[PDB]
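>>> this one's sequence-less:
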Ligand SMILES: Nc1ncnc2c1ncn2[C@@H]1O[C@H](COP(=O)(O)OP(=O)(O)O)[C@@H](O)[C@H]1O
C-alpha cells in the first residue's frame, strides 16, 4: 500500500515495439504486456516489451494465451535475457489517458496476479509528431479512499508536470492512486549509438544543386518578394501619424515588416549562399 | 540558442489537414467553425494565418484530429463543382444567336451593370435592376443569353444547376452559396445563372415532403446572400425557370428580383429565322 | 482502405478527398501513383488511419431495371 | 516585331541568327521588385520623418 | 512549482525584515496569508506557500538564515 | 593517364598515338564510340575529341603510382581548401 | 499555439446555443450535430453570467 | 539476387541491446542471431531482431552451437503476431569475419533463399556506420581467377521507419538533428561532409598505396574498373564555367540587391522608428 513518486525506466526498443505494434493493429486495439521488474518499490525498470495478437473475443485475459506466454518467456530465457511481468501496455485509439471498463477489469486481474501490474495507456493515433502519451497508474481497493485519500505519498516529485487528462480524472484510473512519472534509459553506449548512427547524414552535406529547381525557385522568390514589395509599400502609406501601433493593431495585414519578417528573406538568402558556396567549393576542388 | 529555439519551434506540422468551413472570426485567439459533418464548434485561431485569407464565410482547412484553423482554401468554385469560370471563352458570342431578340433589350439592360454604367446608375439618379428572372420554356434556349452576354461583355458565367444542388449536401448548401457568391464578388464581371428551379427548388403549392424543408433553408440562405450583396459590386444574378408560379415570394418580391422576362415558343417568323441562323 | 472521391486536387502535394458520407480531408497521395493517374473527380481509396491516398478505383452505375 | 531572333550584319552581308534564352525574366522581375519596393517607401517615409 | 519556488524565495528575502525596508513587505505577507487561506490552489503551489510562510515567520522574528 | 588534363585530341596527336592517316581517323573514332573507348564530341575544324571512357581495363598495376599520385593530389587540394574555408570561417566556427 | 492545436485535437471547444440557465450551475445548451447537452458552468462565468 | 537492402532505424539499437544483455556471461565477442523483416520490390528491410548465445573456437572456425528450436518458436510467434515479417537474414557481430559464416548461412538459408549476413558494430561508431550488409556469391570469383568465397556487400542505406520520429525526438530532445538554425546547421553540414570526404578519400589513397606495396592481395579486377572512370570523368574542364560565367552570379547579385539590402533597409526602418520613439520620450517625459 506504498506508492511514492514512482518512475518507469522504459527502454527505447520497448517504445519501438509499442509503435510498431500499434501501427500494425491500429483499429484492433491490440494488447500486450510490459515486461518489467520491480528492482525496488518505485524505481521500476522495463527493458523489453512484446507484441501479442488480440484474440477475436477482444480484450480478454484468455486472449493473452498462458501457454503461449510461458513458451515466449522460456524462449527469452534461453536466448536473450529473462524479465518479469509486472505491467501491460495497450494501444488505445478510442479515447485518452484512462481505461475502458473491460481494460479496468483485466488490469484488476493483472493486479491480483502481480504486485502492482501498472495500467499503461499509450494512444497510437494521438501520437503523430511530437507528443506520445504513456500514462501509468494503479487500481486501488476501497480502503485507500476511506483512509487519507490521494495515495500520492509525501514528496514534491510526482507533482512535477502532473496533468492528468479530463477523461482520466472522471475515470478511476489516474485518479485512484497516482500518475507514474516516466523516464527514458538514455544510457551511453546506447544513446550515443543512436544519435551517431541512426540519424545519419555524413557525406550528404556536399550536395551542390545549383539550379536543379532553383531558376524557377528564384522566379517564385522574386514573385513572393514582389508581393512583399506591395505589402511593404502598403505599410509605408498606412504609416499614420496617430501612434502607428494603434493603426497596426486594428489593421493587421501580416506583411513583410510584420509577419513575413526578415527571417523568410534570410531563408532565401541562406539558400542562395549555400548553393553558391557549395558550387564554389567544388569549383576550387576541381583541380 | 534563442534563434535556434525560434527556428525549431516553427514546425507547425500542417501536412494532413481536413476541411471544415469557418463561420467568422469573433476575436483574436477565439473563433467558431463548422465542420463538414456539421458539429459547429468554437475553436482557437493560431496567429500563423489571419485576415489575409480569413474572409467571413469561405471554406477553410483544419487539422486531421484537431479541427484547428490551419489554412484557408482560396478556390471556391470547384468545392462542389457546379460549373466554373465560363469566361474568356467564346462559345456563342451574341448576335450569332438565332432567337434574335425575343426581347433581349431587358437583357442588354441587365448587362448594363456589367457593361460598366454603375457610375451612370448614379448621377442620373436611376436604380439599376439587380435580379432578372426568365420564366420561359426551353424556347430561345434560355441559356444562349447567359452563354452570350458573359462574352459580349467579358464576365464570369456559372451554371449552378438547381437539380444538382438539392442533395445530401444540404448542410453544405449554405456554405456553397457563400462560396459561389464569393467567387462572383471576386470578379465584378460575373453573372450567376441558376437552372431547373421550378420542379425541385422550392415549389410553393405542394406540402413539404421530407427534405423539402432543407431546400427551403438552402433557398433562405440564398436570399440571405443576395441581400448581403446589396449592390456592393457590379455582379449580376439571373435565374432561368420554366414556370415562376411555384417559386417562393421571397425571391419573387421586388427588392430582390424584379425583372421578369418570358421567352416564348419559336414564333414562326422567328422560328424560320432560327432555322436560317442554325443552318 | 476507405473509399472517397477527388473533390479537389488543390496542388501537387496536398489533395482534397471527400469520403462518400461527409468529411473531406487535405491528404497526401500514394508514392507510386501520380497526379495523371489520380485526376479530379475520380474514385480513390484513403488510408483508414493515416488518411492518405492509397489507390484509385473506377466506378460504375447501374439502372438495374428492365435490362 | 520580335517574330524572329537575329541581327542583320550588312557589313558581312549576312544575318547572324541567335537562339535567345528567355529564362532570364528573373532579371526584369527583380528590377521591378527593386523599383516598387524601394522608390515607393524610402522617399516618402524619410521625407515625412525628415527630423529624427 | 515555479510559483511555489517564487513564494519561498520572496519569503526568504523577507525574513527578519519589516515594511521599513520596502512598503511591499506587508503586501507580500498578506499575499502569503491569503494564499495559505486559499485552499483551491494547486498542491505544489499551496505547499510552497505554506513553507514560505513558515520560513518567513521562522521562530517569530527571532531566528534567521543568512549567508553573510 | 590524363584525367582530361589533355582533352584536345588533335589530328597530330592522333597521328602520334596511332600512326594512322587523316581519313582513317573518322572510322577509328567511330569504332571507338561504338565499342566504348571514347564517347566525347568529335570536331573537324580543330579535330578535337572530347575524353570520356566507360569501358575500363587493366591499368598496369605496376604503374599504379600515377593514379595514387593523382588521388593524393585530389586529397591535398580538398584538405587545403577545407582548411582555407575554415580559416575564412573562424568568425563563426570558433 | 501547439498546445492549442493539441487542445483542438479534441475539437477544442464545442459551439452551443444556450437556452436554459438553471440555478445549480447548469445550462441546457444546444449543439448542431446532436442538440441538447446538459452540463455544468465554467469557473470564469457565474450562474448569472449565463 | 536482391538489388539493394535498406536498414530501418528500428533494429540497430535492438541488436546492440541484445549484444549487451547476452554479453554479460558470453564474452566470446561473437553475437549471432537472425534479422527479420520484409523484401518486396528489390528493397529489403529489417523490422525485428533476435540474439542467440554463440561460442567459437579458432580451430578452423567450426565450433559453435545455437538454440534452433527456441529461435524457430520465436519466428513462429513473430509471424503469428505479424504475418508480413519474415527472416530476411542472419547477423553476426565482430566485423573481422571468420570462416564459420559459410556453415551458418548454409544452415539458416532454409528460412531465406537469398541468405544475407549483417554485421553490427555495437562498440565501434567509426564515422556513422551502424551496420553493414553482406550477400553470399560463390558463383566463380571472376572470369580468369580461382575459386573463392567472395562475400560481397550489397548496398545499404538507413531507411525512414514511420511513427518512430515521435519517439526519437522525445528521446534525444537535446541535439535536434534537424535543419534548425539554417545557416549554422548547413555550416555544420558542410563541415562533416568535408570531414567524411577527406577521411574516405584518404582511405582510398591508402588502399592504392598498399596495393602498390603489394603486402595485401590485390582485388584490382573491380578496383580499376570502378576507379578509372571516377578519375577520368571530366569535372576539371573550366570552359563550361566560361560558357556559364553567369552560372548563377546573376542570382548572386540580385540576392545582394534583394536580401542584404532588404535586411539593411528593414533594420534601418526599425532603428529610425526606435530613434523617433526614444527622442519623443526624452522630450515629452517631463
Ligand atoms: N442560335 C440559337 N438560338 C436559340 N437556341 C439555340 C441556338 N443554338 C443552340 N440553341 C439551343 O438552346 C438550348 C438551350 O437549352 P436549355 O439550356 O436546356 O434550356 P433551359 O435554359 O430552359 O433549361 C441548347 O440545347 C441548344 O441546342
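That came through, no problem. Numbers count the residues shown, from 1 in each chain, chains lettered A, B, ... in the order given.

>>> if I read this right, residue F:38 contacts residue F:55, doesn't it?
No - the criterion here is Cβ atoms under 8 Å, and residue F:38 misses it with residue F:55 at 9.7 Å. For the C-beta atoms, the positions are set from N, CA and C on the backbone; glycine is no exception.

>>> Pick out whichever of the two has more residues nearby.
residue F:38 (19 against 13; other Cβ atoms under 10 Å in any protein chain shown).

>>> just checking, the more buried one is part of a strand?
No - judged by DSSP: H, G, I helix; E, B strand; the rest coil, residue F:38 forms no part of a strand; its state is coil.

>>> Return the residues in contact with it.
Applying Cβ atoms under 8 Å, 6 or more residues apart in numbering or on different chains to residue F:38 gives the contacts F:9, F:29, F:32, F:49-53.

>>> Can you tell me which of these end up in helices?
Here DSSP state H is the test, and the contacts of residue F:38 give F:29, F:32 as lying in helices.

>>> what does chain A put close to chain E?
With the criterion set to Cβ under 8 Å from any Cβ of the partner chain, chain A comes near chain E through A:156, A:159-160.

>>> buried subset of those?
residue A:159 (16 or more other Cβ atoms under 10 Å in any protein chain shown).

>>> wait, which of the residues of chain A next to chain E is closest to residue B:73?
Of all the residues of chain A next to chain E, residue A:160 has the smallest distance to residue B:73: 42.7 Å, by Cβ to Cβ.

>>> got the contact list for that closest one?
When contacts are counted by Cβ under 8 Å, 6+ apart, residue A:160 touches A:181, E:1, E:44.

>>> Now, of these, which are buried?
Among the contacts of residue A:160, those that count as buried by neighbour count (16+ other Cβ under 10 Å) are A:181, E:44.

>>> Name the nearest of the contacts of residue A:160 relative to chain C.
Nearest to chain C among the contacts of residue A:160 is residue A:181, at 29.7 Å by Cβ to the nearest Cβ.

>>> Beta-bridge partners for the closest one, please?
Beta-bridge partners for residue A:181, by DSSP bridges, are residue A:7.

>>> okay but it is in contact with residue A:152, surely?
No - at 11.2 Å, residue A:181 does not count as touching residue A:152 under the criterion of Cβ under 8 Å.

>>> that older thread, need the residues of chain A next to chain E in JSON lines (columns: secondary structure).
What follows is these, written out as JSON lines (three-state DSSP):
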{"residue": "A:156", "secondary structure": "coil"}
{"residue": "A:159", "secondary structure": "coil"}
{"residue": "A:160", "secondary structure": "coil"}
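
>>> tell me the contacts of the closest residue to residue C:15 other than its chain neighbours?
Distance criterion Cβ to Cβ, 6 or more residues apart in numbering or on different chains; nearest residue to residue C:15, sequence neighbours excluded, is residue C:9 at 5.4 Å. Shown in contact with residue C:9 (Cβ under 8 Å, 6+ apart): C:15-16, C:35, C:38-40.

>>> taking those one by one, which sit in strands?
Under the assignment DSSP state E, the contacts of residue C:9 contribute C:15-16 to strands.

>>> Relative to residue B:65, which of the contacts of residue C:9 is nearest.
Among those, and counting by Cβ to Cβ, the member closest to residue B:65 is residue C:16, at 17.7 Å.

>>> The closest one - how many residues pack around it?
Around residue C:16 sit 26 other residues, with neighbours defined as other Cβ under 10 Å.

>>> Quick check: it touching residue C:26?
Yes - counting by Cβ under 8 Å, residue C:26 is a contact partner of residue C:16 at 6.1 Å.
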